[PDB]
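For reference, protein19.cif (mmCIF, N, CA and C atoms and all ligand atoms):
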data_query
loop_
_atom_site.label_atom_id
_atom_site.label_comp_id
_atom_site.auth_asym_id
_atom_site.auth_seq_id
_atom_site.Cartn_x
_atom_site.Cartn_y
_atom_site.Cartn_z
N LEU A 1 -84.78 28.80 35.37
CA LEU A 1 -85.34 28.37 34.02
C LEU A 1 -85.25 29.50 33.00
N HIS A 2 -85.35 29.14 31.72
CA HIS A 2 -85.35 30.16 30.69
C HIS A 2 -86.36 29.91 29.58
N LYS A 3 -86.91 31.01 29.11
CA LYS A 3 -87.88 30.99 28.04
C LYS A 3 -87.12 30.86 26.71
N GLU A 4 -87.68 30.03 25.83
CA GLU A 4 -87.14 29.80 24.44
C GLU A 4 -88.27 30.04 23.45
N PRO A 5 -87.91 30.40 22.22
CA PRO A 5 -88.90 30.69 21.19
C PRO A 5 -89.65 29.46 20.68
N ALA A 6 -90.92 29.66 20.31
CA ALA A 6 -91.68 28.68 19.57
C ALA A 6 -92.73 29.42 18.79
N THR A 7 -93.34 28.74 17.80
CA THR A 7 -94.46 29.34 17.03
C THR A 7 -95.64 28.35 17.05
N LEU A 8 -96.85 28.89 17.05
CA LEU A 8 -98.03 28.07 17.04
C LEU A 8 -98.17 27.40 15.68
N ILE A 9 -98.37 26.08 15.72
CA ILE A 9 -98.83 25.36 14.51
C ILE A 9 -100.35 25.20 14.54
N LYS A 10 -100.87 24.60 15.62
CA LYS A 10 -102.31 24.46 15.80
C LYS A 10 -102.65 24.32 17.28
N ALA A 11 -103.73 24.96 17.69
CA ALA A 11 -104.28 24.69 18.99
C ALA A 11 -104.85 23.27 18.95
N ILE A 12 -104.84 22.56 20.08
CA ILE A 12 -105.47 21.20 20.16
C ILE A 12 -106.58 21.14 21.19
N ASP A 13 -106.22 21.26 22.46
CA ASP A 13 -107.24 21.29 23.53
C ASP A 13 -106.78 22.17 24.72
N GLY A 14 -107.42 22.03 25.89
CA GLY A 14 -107.05 22.92 27.01
C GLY A 14 -105.57 22.86 27.43
N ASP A 15 -104.97 21.69 27.45
CA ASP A 15 -103.61 21.56 27.96
C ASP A 15 -102.60 21.02 26.98
N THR A 16 -102.94 20.99 25.68
CA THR A 16 -101.96 20.56 24.66
C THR A 16 -102.08 21.48 23.44
N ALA A 17 -100.95 21.71 22.76
CA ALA A 17 -101.02 22.46 21.49
C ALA A 17 -99.85 22.03 20.61
N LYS A 18 -100.00 22.15 19.29
CA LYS A 18 -98.89 21.79 18.42
C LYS A 18 -98.08 23.04 18.17
N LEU A 19 -96.78 22.98 18.50
CA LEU A 19 -95.89 24.14 18.35
C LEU A 19 -94.66 23.78 17.55
N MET A 20 -94.09 24.76 16.87
CA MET A 20 -92.80 24.53 16.25
C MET A 20 -91.71 25.01 17.18
N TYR A 21 -90.83 24.08 17.57
CA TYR A 21 -89.75 24.34 18.52
C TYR A 21 -88.44 23.85 17.90
N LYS A 22 -87.44 24.73 17.91
CA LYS A 22 -86.19 24.59 17.15
C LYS A 22 -86.46 24.08 15.73
N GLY A 23 -87.52 24.59 15.13
CA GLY A 23 -87.78 24.30 13.72
C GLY A 23 -88.45 22.97 13.45
N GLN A 24 -88.88 22.27 14.52
CA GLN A 24 -89.56 20.96 14.36
C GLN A 24 -90.94 21.00 15.00
N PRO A 25 -91.89 20.32 14.36
CA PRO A 25 -93.23 20.28 14.95
C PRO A 25 -93.25 19.36 16.14
N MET A 26 -93.94 19.78 17.21
CA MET A 26 -94.07 18.91 18.40
C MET A 26 -95.38 19.19 19.11
N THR A 27 -96.01 18.15 19.64
CA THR A 27 -97.11 18.37 20.56
C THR A 27 -96.52 18.72 21.88
N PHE A 28 -96.96 19.83 22.48
CA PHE A 28 -96.62 20.15 23.88
C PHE A 28 -97.77 19.90 24.83
N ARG A 29 -97.45 19.32 25.98
CA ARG A 29 -98.41 19.16 27.08
C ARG A 29 -97.96 20.08 28.21
N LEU A 30 -98.88 20.82 28.75
CA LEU A 30 -98.56 21.89 29.72
C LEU A 30 -98.20 21.21 31.05
N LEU A 31 -97.06 21.62 31.60
CA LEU A 31 -96.68 21.09 32.93
C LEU A 31 -97.66 21.51 34.06
N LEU A 32 -97.83 20.58 35.02
CA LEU A 32 -98.43 20.84 36.36
C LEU A 32 -99.90 21.15 36.32
N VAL A 33 -100.54 20.88 35.20
CA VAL A 33 -102.00 21.11 35.10
C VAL A 33 -102.76 19.99 34.43
N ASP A 34 -104.10 19.95 34.69
CA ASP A 34 -104.94 19.01 33.93
C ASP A 34 -106.24 19.76 33.58
N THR A 35 -106.53 19.89 32.30
CA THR A 35 -107.81 20.37 31.88
C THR A 35 -108.73 19.20 31.59
N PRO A 36 -110.06 19.42 31.66
CA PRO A 36 -111.03 18.40 31.27
C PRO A 36 -110.82 18.06 29.81
N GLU A 37 -111.15 16.85 29.40
CA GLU A 37 -111.09 16.50 28.00
C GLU A 37 -112.25 17.18 27.31
N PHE A 38 -112.15 17.39 26.01
CA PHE A 38 -113.16 18.11 25.26
C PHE A 38 -114.57 17.60 25.47
N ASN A 39 -114.69 16.31 25.69
CA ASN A 39 -115.98 15.69 25.86
C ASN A 39 -116.51 15.74 27.29
N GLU A 40 -115.77 16.39 28.18
CA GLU A 40 -116.17 16.48 29.60
C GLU A 40 -116.63 17.90 29.94
N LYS A 41 -117.36 18.05 31.04
CA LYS A 41 -117.72 19.41 31.50
C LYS A 41 -116.51 20.34 31.63
N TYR A 42 -116.67 21.55 31.11
CA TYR A 42 -115.62 22.59 31.04
C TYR A 42 -114.55 22.30 30.04
N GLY A 43 -114.65 21.15 29.36
CA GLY A 43 -113.62 20.80 28.37
C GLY A 43 -113.65 21.77 27.21
N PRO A 44 -114.84 22.05 26.66
CA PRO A 44 -114.88 22.97 25.54
C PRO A 44 -114.40 24.36 25.95
N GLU A 45 -114.73 24.76 27.17
CA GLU A 45 -114.36 26.06 27.71
C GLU A 45 -112.86 26.14 27.92
N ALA A 46 -112.26 25.07 28.42
CA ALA A 46 -110.79 25.06 28.49
C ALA A 46 -110.12 25.16 27.14
N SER A 47 -110.55 24.31 26.21
CA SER A 47 -110.00 24.33 24.84
C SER A 47 -110.07 25.76 24.23
N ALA A 48 -111.19 26.42 24.37
CA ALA A 48 -111.40 27.73 23.82
C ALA A 48 -110.53 28.80 24.49
N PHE A 49 -110.35 28.65 25.80
CA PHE A 49 -109.47 29.56 26.53
C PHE A 49 -108.02 29.47 26.03
N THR A 50 -107.48 28.27 26.00
CA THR A 50 -106.12 28.07 25.50
C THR A 50 -105.99 28.49 24.02
N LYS A 51 -106.97 28.15 23.19
CA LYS A 51 -106.90 28.49 21.73
C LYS A 51 -106.83 30.01 21.53
N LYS A 52 -107.68 30.74 22.26
CA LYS A 52 -107.68 32.20 22.18
C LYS A 52 -106.34 32.76 22.64
N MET A 53 -105.82 32.21 23.73
CA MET A 53 -104.59 32.71 24.25
C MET A 53 -103.39 32.51 23.31
N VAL A 54 -103.28 31.32 22.73
CA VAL A 54 -102.12 31.05 21.87
C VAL A 54 -102.25 31.68 20.48
N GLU A 55 -103.47 31.73 19.98
CA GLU A 55 -103.74 32.28 18.63
C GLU A 55 -103.61 33.79 18.61
N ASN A 56 -103.94 34.45 19.72
CA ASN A 56 -103.89 35.92 19.72
C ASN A 56 -102.49 36.47 20.05
N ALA A 57 -101.61 35.59 20.56
CA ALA A 57 -100.28 35.97 20.97
C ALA A 57 -99.40 36.41 19.81
N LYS A 58 -98.72 37.53 19.99
CA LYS A 58 -97.67 37.92 19.09
C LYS A 58 -96.43 37.05 19.20
N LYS A 59 -96.16 36.63 20.44
CA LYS A 59 -94.98 35.81 20.76
C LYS A 59 -95.37 34.66 21.66
N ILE A 60 -95.03 33.44 21.24
CA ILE A 60 -95.12 32.26 22.11
C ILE A 60 -93.74 31.86 22.55
N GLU A 61 -93.62 31.47 23.83
CA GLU A 61 -92.37 30.91 24.32
C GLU A 61 -92.69 29.65 25.13
N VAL A 62 -91.71 28.76 25.17
CA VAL A 62 -91.73 27.57 26.03
C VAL A 62 -90.60 27.63 27.01
N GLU A 63 -90.90 27.14 28.20
CA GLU A 63 -89.93 27.03 29.27
C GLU A 63 -89.93 25.62 29.76
N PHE A 64 -88.79 24.94 29.63
CA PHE A 64 -88.67 23.62 30.20
C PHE A 64 -88.29 23.75 31.67
N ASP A 65 -88.62 22.71 32.42
CA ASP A 65 -88.20 22.62 33.83
C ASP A 65 -86.86 21.91 33.91
N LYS A 66 -86.46 21.51 35.12
CA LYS A 66 -85.15 20.92 35.35
C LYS A 66 -85.06 19.39 35.11
N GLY A 67 -86.18 18.76 34.81
CA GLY A 67 -86.27 17.29 34.69
C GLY A 67 -86.64 16.90 33.27
N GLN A 68 -87.51 15.91 33.15
CA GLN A 68 -87.84 15.34 31.83
C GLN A 68 -88.38 16.43 30.91
N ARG A 69 -87.90 16.45 29.66
CA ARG A 69 -88.48 17.41 28.69
C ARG A 69 -89.48 16.83 27.72
N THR A 70 -89.58 15.51 27.67
CA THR A 70 -90.61 14.88 26.88
C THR A 70 -91.24 13.75 27.69
N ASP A 71 -92.55 13.54 27.50
CA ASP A 71 -93.20 12.40 28.17
C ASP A 71 -93.15 11.12 27.34
N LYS A 72 -93.72 10.07 27.90
CA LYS A 72 -93.71 8.75 27.25
C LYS A 72 -94.43 8.66 25.90
N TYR A 73 -95.21 9.69 25.59
CA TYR A 73 -95.90 9.79 24.31
C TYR A 73 -95.12 10.67 23.31
N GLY A 74 -93.93 11.16 23.71
CA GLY A 74 -93.12 12.06 22.87
C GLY A 74 -93.62 13.52 22.87
N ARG A 75 -94.52 13.86 23.79
CA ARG A 75 -94.95 15.25 23.93
C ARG A 75 -93.90 16.02 24.71
N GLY A 76 -93.68 17.27 24.31
CA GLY A 76 -92.83 18.20 25.11
C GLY A 76 -93.54 18.60 26.38
N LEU A 77 -92.79 18.70 27.48
CA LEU A 77 -93.39 19.11 28.74
C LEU A 77 -92.80 20.47 29.10
N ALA A 78 -93.66 21.49 29.07
CA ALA A 78 -93.18 22.85 29.32
C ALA A 78 -94.22 23.74 29.97
N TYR A 79 -93.75 24.89 30.46
CA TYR A 79 -94.59 26.05 30.74
C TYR A 79 -94.65 26.92 29.49
N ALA A 80 -95.86 27.26 29.06
CA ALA A 80 -96.03 28.01 27.80
C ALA A 80 -96.45 29.41 28.13
N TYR A 81 -95.87 30.36 27.39
CA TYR A 81 -96.12 31.81 27.58
C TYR A 81 -96.64 32.46 26.34
N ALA A 82 -97.66 33.31 26.51
CA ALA A 82 -98.28 34.01 25.39
C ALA A 82 -98.15 35.48 25.73
N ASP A 83 -97.30 36.16 24.95
CA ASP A 83 -96.93 37.56 25.24
C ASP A 83 -96.58 37.79 26.70
N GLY A 84 -95.76 36.86 27.19
CA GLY A 84 -95.24 36.85 28.54
C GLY A 84 -96.16 36.39 29.66
N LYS A 85 -97.40 36.01 29.33
CA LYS A 85 -98.36 35.52 30.35
C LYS A 85 -98.36 33.98 30.29
N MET A 86 -98.18 33.33 31.44
CA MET A 86 -98.09 31.85 31.48
C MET A 86 -99.47 31.28 31.23
N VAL A 87 -99.59 30.45 30.18
CA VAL A 87 -100.86 29.76 29.95
C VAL A 87 -101.25 28.79 31.09
N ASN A 88 -100.27 28.04 31.60
CA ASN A 88 -100.54 27.07 32.65
C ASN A 88 -101.22 27.75 33.87
N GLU A 89 -100.64 28.89 34.28
CA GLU A 89 -101.15 29.67 35.40
C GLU A 89 -102.54 30.22 35.09
N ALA A 90 -102.70 30.79 33.93
CA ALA A 90 -103.96 31.43 33.56
C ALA A 90 -105.14 30.48 33.50
N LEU A 91 -104.91 29.28 32.95
CA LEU A 91 -105.92 28.23 33.07
C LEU A 91 -106.35 27.94 34.52
N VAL A 92 -105.39 27.70 35.41
CA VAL A 92 -105.70 27.41 36.80
C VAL A 92 -106.39 28.58 37.50
N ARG A 93 -106.00 29.82 37.15
CA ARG A 93 -106.58 30.99 37.82
C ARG A 93 -108.03 31.13 37.44
N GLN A 94 -108.37 30.67 36.24
CA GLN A 94 -109.78 30.76 35.83
C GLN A 94 -110.62 29.54 36.19
N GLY A 95 -110.06 28.58 36.89
CA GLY A 95 -110.83 27.40 37.23
C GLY A 95 -111.11 26.48 36.04
N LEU A 96 -110.23 26.53 35.06
CA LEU A 96 -110.36 25.69 33.85
C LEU A 96 -109.34 24.55 33.81
N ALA A 97 -108.47 24.50 34.84
CA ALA A 97 -107.57 23.37 35.06
C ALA A 97 -107.28 23.20 36.52
N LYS A 98 -107.03 21.97 36.94
CA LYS A 98 -106.57 21.69 38.30
C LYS A 98 -105.04 21.59 38.28
N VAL A 99 -104.41 21.90 39.41
CA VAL A 99 -102.98 21.56 39.58
C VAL A 99 -102.88 20.03 39.71
N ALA A 100 -101.97 19.44 38.93
CA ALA A 100 -102.03 17.96 38.77
C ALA A 100 -100.71 17.51 38.17
N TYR A 101 -100.39 16.20 38.29
CA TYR A 101 -99.18 15.70 37.61
C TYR A 101 -97.90 16.40 38.12
N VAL A 102 -97.78 16.55 39.43
CA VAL A 102 -96.67 17.25 40.01
C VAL A 102 -95.60 16.23 40.32
N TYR A 103 -94.64 16.08 39.40
CA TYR A 103 -93.60 15.07 39.59
C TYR A 103 -92.35 15.77 40.14
N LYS A 104 -91.62 15.12 41.06
CA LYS A 104 -90.41 15.74 41.64
C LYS A 104 -89.37 16.06 40.54
N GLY A 105 -88.69 17.20 40.64
CA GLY A 105 -87.74 17.53 39.58
C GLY A 105 -88.31 18.29 38.41
N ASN A 106 -89.64 18.28 38.22
CA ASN A 106 -90.28 19.17 37.25
C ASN A 106 -91.40 19.92 37.94
N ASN A 107 -91.10 20.61 39.04
CA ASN A 107 -92.17 21.28 39.77
C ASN A 107 -91.81 22.67 40.19
N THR A 108 -91.04 23.36 39.36
CA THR A 108 -90.59 24.70 39.77
C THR A 108 -91.70 25.71 40.03
N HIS A 109 -92.75 25.69 39.21
CA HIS A 109 -93.84 26.64 39.40
C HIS A 109 -95.01 26.11 40.22
N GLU A 110 -94.80 25.03 40.98
CA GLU A 110 -95.93 24.44 41.73
C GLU A 110 -96.60 25.45 42.65
N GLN A 111 -95.82 26.14 43.48
CA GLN A 111 -96.52 27.03 44.42
C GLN A 111 -97.24 28.24 43.78
N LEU A 112 -96.66 28.77 42.71
CA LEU A 112 -97.34 29.80 41.94
C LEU A 112 -98.72 29.25 41.50
N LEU A 113 -98.71 28.03 41.00
CA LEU A 113 -99.91 27.45 40.44
C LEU A 113 -100.95 27.07 41.50
N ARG A 114 -100.50 26.58 42.65
CA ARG A 114 -101.39 26.36 43.78
C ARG A 114 -102.00 27.60 44.37
N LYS A 115 -101.30 28.75 44.27
CA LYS A 115 -101.86 29.99 44.77
C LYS A 115 -103.00 30.48 43.85
N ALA A 116 -102.83 30.23 42.55
CA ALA A 116 -103.86 30.57 41.56
C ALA A 116 -105.06 29.70 41.80
N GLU A 117 -104.81 28.41 42.03
CA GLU A 117 -105.95 27.49 42.25
C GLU A 117 -106.75 27.89 43.47
N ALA A 118 -106.06 28.30 44.54
CA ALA A 118 -106.77 28.69 45.74
C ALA A 118 -107.71 29.87 45.46
N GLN A 119 -107.23 30.81 44.65
CA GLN A 119 -107.99 32.00 44.24
C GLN A 119 -109.22 31.62 43.41
N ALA A 120 -109.01 30.75 42.43
CA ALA A 120 -110.15 30.25 41.65
C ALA A 120 -111.19 29.54 42.48
N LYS A 121 -110.73 28.75 43.45
CA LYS A 121 -111.64 28.03 44.32
C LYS A 121 -112.43 28.96 45.23
N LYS A 122 -111.78 30.00 45.74
CA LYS A 122 -112.49 31.00 46.57
C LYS A 122 -113.59 31.74 45.78
N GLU A 123 -113.34 31.94 44.49
CA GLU A 123 -114.29 32.63 43.62
C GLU A 123 -115.34 31.70 43.03
N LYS A 124 -115.22 30.41 43.38
CA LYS A 124 -116.08 29.36 42.85
C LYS A 124 -116.14 29.41 41.30
N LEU A 125 -114.98 29.52 40.65
CA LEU A 125 -114.99 29.67 39.21
C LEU A 125 -115.03 28.32 38.52
N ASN A 126 -115.89 28.25 37.52
CA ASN A 126 -115.93 27.13 36.56
C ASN A 126 -115.92 25.72 37.21
N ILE A 127 -114.83 24.96 37.11
CA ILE A 127 -114.69 23.65 37.77
C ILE A 127 -115.07 23.69 39.25
N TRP A 128 -114.75 24.81 39.91
CA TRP A 128 -115.02 24.98 41.34
C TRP A 128 -116.41 25.49 41.64
N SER A 129 -117.25 25.67 40.63
CA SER A 129 -118.58 26.24 40.90
C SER A 129 -119.63 25.23 41.37
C1 LIG A 201 -98.42 16.53 32.50
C2 LIG A 201 -97.67 15.19 32.44
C3 LIG A 201 -98.30 14.11 31.91
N1 LIG A 201 -97.63 12.90 31.86
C4 LIG A 201 -98.31 11.61 31.43
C5 LIG A 201 -99.04 11.04 32.68
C6 LIG A 201 -100.36 10.41 32.19
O1 LIG A 201 -100.04 9.06 31.73
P1 LIG A 201 -101.35 8.18 31.31
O2 LIG A 201 -101.76 8.50 29.89
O3 LIG A 201 -100.82 6.69 31.33
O4 LIG A 201 -102.63 8.45 32.21
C7 LIG A 201 -100.66 11.30 30.96
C8 LIG A 201 -101.76 12.33 31.20
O5 LIG A 201 -101.75 13.32 30.16
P2 LIG A 201 -103.20 13.76 29.70
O6 LIG A 201 -103.89 14.47 30.86
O7 LIG A 201 -102.91 14.70 28.48
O8 LIG A 201 -104.14 12.56 29.25
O9 LIG A 201 -99.43 11.96 30.63
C9 LIG A 201 -96.32 12.83 32.24
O10 LIG A 201 -95.70 11.71 32.26
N2 LIG A 201 -95.63 13.88 32.75
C10 LIG A 201 -96.30 15.10 32.82
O11 LIG A 201 -95.69 16.02 33.33
CA CA A 202 -106.20 16.53 30.21
#
Show the structure stored in the file as structure tokens.
Ligand SMILES: Cc1cn([C@H]2C[C@H](OP(=O)(O)O)[C@@H](COP(=O)(O)O)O2)c(=O)[nH]c1=O
Ligand SMILES: [Ca+2]
Amino acid sequence: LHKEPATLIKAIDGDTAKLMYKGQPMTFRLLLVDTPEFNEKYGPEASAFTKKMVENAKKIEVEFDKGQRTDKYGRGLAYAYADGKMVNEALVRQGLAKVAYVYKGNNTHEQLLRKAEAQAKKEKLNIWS
């Protein structure tokens, strides 16, 4: 896989953000994770974690996987990086997202993400508390 440039337009919630990619606005949904919705427990905490991460970044990048690049809602499906740190991974490591939505052909980082989840669960962090 390869990282490509994007710029933040607006943070939205824990697992979605509006980004400019190849000069067009798009909602991105983070691959292989699920954060609580804003109205659910840990939802506000997830939203705030992702917002801080993308807003403070000097450089945002998106990485598509080998399969579908957009979902049925027209959202981009990617791994997002903030100054080289994967947002998808960082959410799971903090217990603010579960590994979820693992579809065949778009699962390159599954084991990385499951290892983070195991760590969060051992520490009883957030969702796992
Ligand atoms: C993360 C992801 C979500 N989706 C679709 C599945 C779910 O469909 P349904 O809306 O019919 O439940 C929805 C969940 O996204 P959200 O968790 O943002 O609600 O997005 C994909 O198709 N591929 C993906 O990789
Ligand atoms: Ca969600």
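The environment of residue 119 (chain A) within 8 Å, counting all atoms listed in the file and disregarding residues fewer than 3 places along the same chain, consists of residues 92, 93, 94, 95, 113, 114, 115, 116, 122, 123, 124 and 125 of chain A.
Computed from the coordinates, the atom N of residue 35 (chain A) to atom C of residue 101 (chain A) distance equals 11.0 Å.
Comparing the minimum interatomic distances between residue 96 (chain A) and each of A:53, A:63, A:46, A:121, counting only N, CA and C atoms, we find that A:46 sits nearest.
Restricting the atom set to only C-alpha atoms and all ligand atoms, one finds that the residues within 9 Å of ligand LIG 201 (chain A) amount to residues 15, 16, 29, 30, 31, 32, 33, 34, 35, 36, 37, 68, 69, 70, 71, 72, 73, 75, 76, 77, 78, 100, 101, 102, 103 and 106 of chain A.
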- Message: Which of region 54-91 of chain A end up as strand (DSSP E) when DSSP is run on this backbone - answer as a count of residues only?
- Response: 13
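Among the candidate residues A:4, A:117, A:13, A:83, the one lying nearest to ligand CA 202 (chain A) is A:13, with distances computed using only C-alpha atoms and all ligand atoms.
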- Task: Any chance you could list, as number ranges by chain, the residues in chain A that come up helix (DSSP H, G or I) when DSSP is run on the backbone?
- Result: A: 43-56, 87-93, 110-122, 126-128
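Distance-wise, CA of residue 5 (chain A) and CA of residue 57 (chain A) end up 12.5 Å apart.
Straight-line separation from atom N of residue 59 (chain A) to CA of residue 42 (chain A): 26.2 Å.
Minimum distance to residue 107 (chain A) across A:55, A:40, A:65, A:45 (counting only C-alpha atoms) occurs at A:65.
Proximity of A:66, A:90, A:120, A:38 to residue 105 (chain A), computed with only C-alpha atoms, is greatest for A:66.
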Work out where the centre of an axis-aligned box around every listed atom of region 59-66 of chain A lies and how long its edges are once 5 Å is added on each side; give both in Å to one decimal as JSON.
{"center_x": -90.6, "center_y": 28.0, "center_z": 27.9, "size_x": 21.1, "size_y": 27.2, "size_z": 24.9}
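Closest to ligand CA 202 (chain A) among A:58, A:14, A:82, A:49 is A:14, based on all atoms listed in the file.
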- Excluding residue 17 (chain A) and any residue of its chain fewer than 2 positions from it, enumerate the residues within 6 Å of it, using only N, CA and C atoms, and give them as a ChimeraX atom specification. /A:10-13,15,19,26-29
Reconstructed N, CA, C and O atoms for region 12-30 of chain A, given as a compact mmCIF listing (two decimals), in the frame of the given file:
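Saved file result-v6.txt follows:
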# COMPACT_ATOMS: atom_id res chain seq x y z
N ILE A 12 -104.84 22.56 20.08
CA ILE A 12 -105.47 21.20 20.16
C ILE A 12 -106.58 21.14 21.19
O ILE A 12 -107.79 21.04 20.84
N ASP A 13 -106.22 21.26 22.46
CA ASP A 13 -107.24 21.29 23.53
C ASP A 13 -106.78 22.17 24.72
O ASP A 13 -105.78 22.91 24.60
N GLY A 14 -107.42 22.03 25.89
CA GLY A 14 -107.05 22.92 27.01
C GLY A 14 -105.57 22.86 27.43
O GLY A 14 -105.03 23.87 27.83
N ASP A 15 -104.97 21.69 27.45
CA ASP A 15 -103.61 21.56 27.96
C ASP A 15 -102.60 21.02 26.98
O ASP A 15 -101.50 20.64 27.38
N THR A 16 -102.94 20.99 25.68
CA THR A 16 -101.96 20.56 24.66
C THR A 16 -102.08 21.48 23.44
O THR A 16 -103.18 21.96 23.16
N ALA A 17 -100.95 21.71 22.76
CA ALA A 17 -101.02 22.46 21.49
C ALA A 17 -99.85 22.03 20.61
O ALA A 17 -98.85 21.50 21.11
N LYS A 18 -100.00 22.15 19.29
CA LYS A 18 -98.89 21.79 18.42
C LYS A 18 -98.08 23.04 18.17
O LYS A 18 -98.59 24.01 17.60
N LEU A 19 -96.78 22.98 18.50
CA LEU A 19 -95.89 24.14 18.35
C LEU A 19 -94.66 23.78 17.55
O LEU A 19 -94.27 22.62 17.49
N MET A 20 -94.09 24.76 16.87
CA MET A 20 -92.80 24.53 16.25
C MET A 20 -91.71 25.01 17.18
O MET A 20 -91.67 26.18 17.54
N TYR A 21 -90.83 24.08 17.57
CA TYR A 21 -89.75 24.34 18.52
C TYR A 21 -88.44 23.85 17.90
O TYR A 21 -88.34 22.71 17.42
N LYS A 22 -87.44 24.73 17.91
CA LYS A 22 -86.19 24.59 17.15
C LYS A 22 -86.46 24.08 15.73
O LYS A 22 -85.72 23.27 15.19
N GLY A 23 -87.52 24.59 15.13
CA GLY A 23 -87.78 24.30 13.72
C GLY A 23 -88.45 22.97 13.45
O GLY A 23 -88.63 22.64 12.27
N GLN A 24 -88.88 22.27 14.52
CA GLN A 24 -89.56 20.96 14.36
C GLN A 24 -90.94 21.00 15.00
O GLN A 24 -91.14 21.57 16.09
N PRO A 25 -91.89 20.32 14.36
CA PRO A 25 -93.23 20.28 14.95
C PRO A 25 -93.25 19.36 16.14
O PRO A 25 -92.73 18.23 16.05
N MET A 26 -93.94 19.78 17.21
CA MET A 26 -94.07 18.91 18.40
C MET A 26 -95.38 19.19 19.11
O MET A 26 -95.76 20.36 19.22
N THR A 27 -96.01 18.15 19.64
CA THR A 27 -97.11 18.37 20.56
C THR A 27 -96.52 18.72 21.88
O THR A 27 -95.70 17.94 22.39
N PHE A 28 -96.96 19.83 22.48
CA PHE A 28 -96.62 20.15 23.88
C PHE A 28 -97.77 19.90 24.83
O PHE A 28 -98.91 20.19 24.54
N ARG A 29 -97.45 19.32 25.98
CA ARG A 29 -98.41 19.16 27.08
C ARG A 29 -97.96 20.08 28.21
O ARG A 29 -96.77 20.14 28.56
N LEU A 30 -98.88 20.82 28.75
CA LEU A 30 -98.56 21.89 29.72
C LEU A 30 -98.20 21.21 31.05
O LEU A 30 -98.94 20.37 31.62
